[PDB]
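Read through the structure below, which is laid out as structure tokens, and then see the notes.
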Amino acid sequence: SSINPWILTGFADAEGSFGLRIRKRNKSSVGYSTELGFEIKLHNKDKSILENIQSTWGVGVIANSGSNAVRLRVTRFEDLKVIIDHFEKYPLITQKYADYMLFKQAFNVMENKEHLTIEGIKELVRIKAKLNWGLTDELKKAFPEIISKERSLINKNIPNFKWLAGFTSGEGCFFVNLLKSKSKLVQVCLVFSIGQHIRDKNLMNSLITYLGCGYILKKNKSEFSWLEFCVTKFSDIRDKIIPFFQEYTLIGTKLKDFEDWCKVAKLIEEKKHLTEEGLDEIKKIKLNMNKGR
DNA sequence: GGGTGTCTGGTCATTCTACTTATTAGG
DNA sequence: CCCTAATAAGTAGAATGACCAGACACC
Ligand SMILES: [Ca+2]
Ligand SMILES: [Ca+2]
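Just so we're aligned, residue 253 is where the first sequence starts under the numbering used here, counting upward by one.
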């Protein structure tokens with residue numbers, strides 16, 4: 253099936269990844285071969301998404317990545333042109349746009365065949381220094397003067413509604429929390445959450461204004477730390493979160509979790525979450541959602 | 001006979017998702 | 001007071017993101 257290009261870019265801002273390998277090769281005029289790529293790796297349940305992206309782009313190969321994960325990967329230089337042209341017409345907006353543009357600069361370097369020269373390889377490693385995790389130890393030793401790993405901030409309003417639908421199909425979670433309450437029954441609470449590394453702190457705050465609800469929580473795990481955009485006021489969920497993703501449909505297995513999420517929402521609108529059979533019906537919905545189903 | 005592009009089949013590292021429970025806010 | 005909705009700190013762990021080695025393919 254075909255996939256909307258804004259939903260695609262949004263999804264890519266979530267799970268996508270750009271790569272540039274500068275590997276030592278003795279039989280290389282320049283001493284290094286170079287590989288460019290874009291891949292999306294997901295659990296094997298959502299391999300359907302990967303088939304639609306591939307069918308829409310007409311490029312890339314779907315292959316297993318371990319027992320439980322699958323990847324669509326584009327490495328063939330001619331096929332990267334299709335990637336590039338897509339993201340030029342539907343640019344991303346996360347700090348990953350910086351990597352994409354480094355990805356694209358490398359492509360231009362190669363398109364002019366400058367990767368077959370001492371100076372070209374030199375520019376590619378300088379491009380690579382700012383890409384994702386920067387240069388490897390071998391590459392640092394070989395190019396001990398290429399040191400500037402600093403990068404520029406990306407700031408972009410949400411460009412289209414379908415972007416968020418795609419992005420949320422990546423980083424979102426529609427949760428039904430059951431908390432112990434002083435009562436005959438157990439409180440039921442719908443919680444919508446989207447996490448992101450703090451480089452995109454500003455985009456996370458954008459969602460409050462873009463959606464008209466929610467708050468940001470800061471979470472930490474030793475040296476690592478992320479930001480979560482949450483929505484726990486039922487008002488906002490009944491009127492804002494749910495209607496939006498109903499107008500701009502999600503894709504992949506998260507749609508099912510969403511559709512179950514709204515099933516519980518209806519019950520909580522009918523006040524049946526305070527009844528016996530109510531907490532029984534919702535309880536069963538939670539049980540078959542997310543982990544499970 | 002170089003020389004370069006592309007694929008197979010992964011693994012490594014952490015940013016995500018998803019799940020707990022304490023606690024306060026509120027009509 | 002009540003009974004309930006809503007915010008919040010915290011963490012687990014695996015689905016992500018990023019990188020890896022080797023060999024094949026082609027002009
Ligand atoms: Ca992501
Ligand atoms: Ca995802």
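Positions of the beta carbon are idealized from the N, C-alpha and C atoms, including for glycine.
At a cut-off of 7 Å, is residue i close to ligand 2 when judged by its beta-carbon and the heavy atoms of the ligand?
i: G422; result: yes
i: residue 219; result: Residue 219 is absent from the model: the chain starts at 253 and stops at 545.
Taking only heavy atoms of ligand 1 into account, decide whether any of them is closer than 7 Å to the Cβ of residue i.
i: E480; result: no
When the Cα of residue i is compared with those of the options, which residue comes out closest?
i: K380; options: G504, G289, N472 and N540; result: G289
i: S319; options: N278, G310 and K293; result: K293
i: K341; options: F481, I259 and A358; result: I259
i: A266; options: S285, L469, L539 and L344; result: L344
i: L469; options: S435, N457 and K374; result: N457
i: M541; options: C482, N429, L437 and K524; result: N429
i: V438; options: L526, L376 and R378; result: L526
i: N296; options: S280, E287 and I314; result: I314
i: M353; options: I460, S269 and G372; result: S269
i: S317; options: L519, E291 and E330; result: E291
i: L416; options: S254, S253 and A264; result: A264
i: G466; options: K473, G386 and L479; result: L479
i: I373; options: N384, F359 and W385; result: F359
i: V440; options: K506, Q357, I534 and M362; result: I534
i: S400; options: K408, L383, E390 and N407; result: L383
i: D491; options: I520, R325 and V282; result: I520
i: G447; options: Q306, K432, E499 and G424; result: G424
i: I406; options: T346, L387 and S445; result: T346
i: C514; options: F426, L539 and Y349; result: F426
i: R323; options: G530, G310, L459 and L302; result: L302
i: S404; options: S285, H449 and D351; result: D351
i: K299; options: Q357, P411, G464 and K506; result: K506
i: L442; options: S254, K348 and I537; result: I537
i: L531; options: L431, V282, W309 and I370; result: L431
i: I450; options: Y462, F444, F481 and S421; result: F481
i: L459; options: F510, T420 and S435; result: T420
i: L463; options: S254, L376 and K485; result: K485
i: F413; options: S285, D512 and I493; result: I493
Bridge partners for residue i per DSSP, in chain order?
i: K524; result: Beta-bridge pairing links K524 to no other residue.
Kindly indicate the opening and closing residues of the alpha helix (DSSP H) around residue i.
i: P343; result: Element bounds for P343: n/a, residue is neither H nor E.
i: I494; result: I494 to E499
Legend entry - Completely contained alpha helix (DSSP H) runs for the stretch 349-417, where each covers 4 or more residues: 370-381 and 389-394
Inset, instruction - Within the stretch 418-482, note down every full alpha helix (DSSP H) run reaching 4 residues or more, in order along the chain. - result: 453-463
Inset, instruction - Go through the stretch 258-337 residue by residue and report every complete run of the beta strand (DSSP E) that reaches 3 residues or more, in order. - result: 270-276, 284-295, 313-316 and 321-326
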